[PDB]
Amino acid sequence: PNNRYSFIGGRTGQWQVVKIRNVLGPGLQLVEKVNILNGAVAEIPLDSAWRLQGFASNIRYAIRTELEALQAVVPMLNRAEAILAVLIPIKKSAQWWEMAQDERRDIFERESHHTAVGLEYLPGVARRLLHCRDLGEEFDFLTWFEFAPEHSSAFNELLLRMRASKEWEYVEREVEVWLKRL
């Protein structure tokens, strides 16, 4: 299997763009669809507005008991019912990346309860975390969420709780690409 994923905003793809919300910092040009490829894409179709990419990686913060709680409720991607998705690219500040591992873990979970909060929205919400700072990309992470319409309200609630977190004080660019499965 290949750990690289590419998200190309343009006129083709498996996902229709519903809405792009430019939450913080420079946004992303509106496009019609998102095409998702499991691999690297050196050059995009010239009818494409942007390309984002990241890799699936190892665990950086979650501890064993947290992983065991997640595994108990985590849903799979590509559920038939999960016709809504959101792609949320995120960039954190240089101050964050300069911090040591204990400092970042303390903000992520002991102060912000990132995993404990997210667990409350499983199994409704399926997700994929990709990393891209080490690729030299403009964002540091591509986060992906998908779910049935019955969980839209809960997901909006989750977003409000996260954006109010200490961890968010270090986010410096964020965009939401709302999607509907074709």
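Numbers for residues come from their place in the sequence shown, where the first is 1.
The PDB entry records a higher mean C-alpha B factor for 42-50 than for its counterpart among 42-50 and 25-33. Looking at 110-118 and 126-134 together, the entry lists the larger mean B-factor for 110-118, computed on C-alpha atoms. In the PDB entry, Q95 places in the highest third of its chain by CA B-factor.
In this PDB entry, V18 carries a Cα temperature factor that places it within the highest third of its chain's modelled residues. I83: CA B factor lies in the middle third for its chain, per the PDB record.
In the PDB entry, a CA B factor belonging to the highest third of its chain's modelled residues is recorded for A72.
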